[PDB]
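First comes one chain, alone, set out as structure tokens in the form deposited in one PDB entry.
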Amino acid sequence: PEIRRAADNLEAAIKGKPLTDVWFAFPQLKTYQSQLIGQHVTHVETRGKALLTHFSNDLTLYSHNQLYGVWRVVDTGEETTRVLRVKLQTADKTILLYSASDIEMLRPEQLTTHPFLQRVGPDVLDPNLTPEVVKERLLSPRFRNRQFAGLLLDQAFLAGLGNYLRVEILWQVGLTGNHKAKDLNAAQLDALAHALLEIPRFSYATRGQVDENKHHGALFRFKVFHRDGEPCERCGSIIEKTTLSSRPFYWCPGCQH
């Protein structure tokens, strides 16, 4: 929805600024404190209800607030009943993590193997998530060999993808749901990599209030979702749709193959 706001608060506070002080409550983590001084937060990726705070040295602080965790932005100096776990501090700002337990420092190699992380992929409406990153994911050994039909329906791959976006996405790059990221030339792979973000962001950026369609058509129009029996704006073929089915698939047997 828009729960991806806590991450913006942290980025908006310490992103890019060199860390002047880093402190961790967990002893296992104390070893990363001095290593970060001088470094900065490149960005904060969201993953389900977790936060991945990336640093300029390739390290990544994983943290799941669960039931009580709560970040707080203060001023370098401003110092309450809750127990502090993490303290990242810049010249002007300092963000603080209180009450959390699910806290880990991960190396790039440990990202794809982390239990929770391999259950929820980046969110398509996440500004920091770039096409170049989606392509990598598409080509990783974990997905490169999956049919898009289900892959685009699997939240472990990418968060924010519903069946109504799956069909539209596939129709824009002319593909049927039986393709794999491994049966695609460089261009085809990149076309879809941009599709997965553009139509989802396009769809949302322009959503209109309810019942508004009664007097005004949205700027974003579906091309195959709920358009079975109508012609395809592209080639004119009658758009079909599967039954037999998880989520009703939609496509143009004419220009999708």
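Note that residue numbering follows the sequence shown and begins at 1.
This next part talks about the form deposited in another entry, which is not shown.
- Put simply, the chain has two rigid parts that turn between the shown form and the other one, and the hinge between them is at 118, picked from 164, 118, 234, 49.
- The Cα-Cα distance between residue 127 and residue 45 is lengthened by 3 Å or more in that other deposited form relative to the form shown here.
- By 3 Å or more, the C-alpha separation between residue 160 and residue 50 shrinks in that other deposited form relative to the form shown here.
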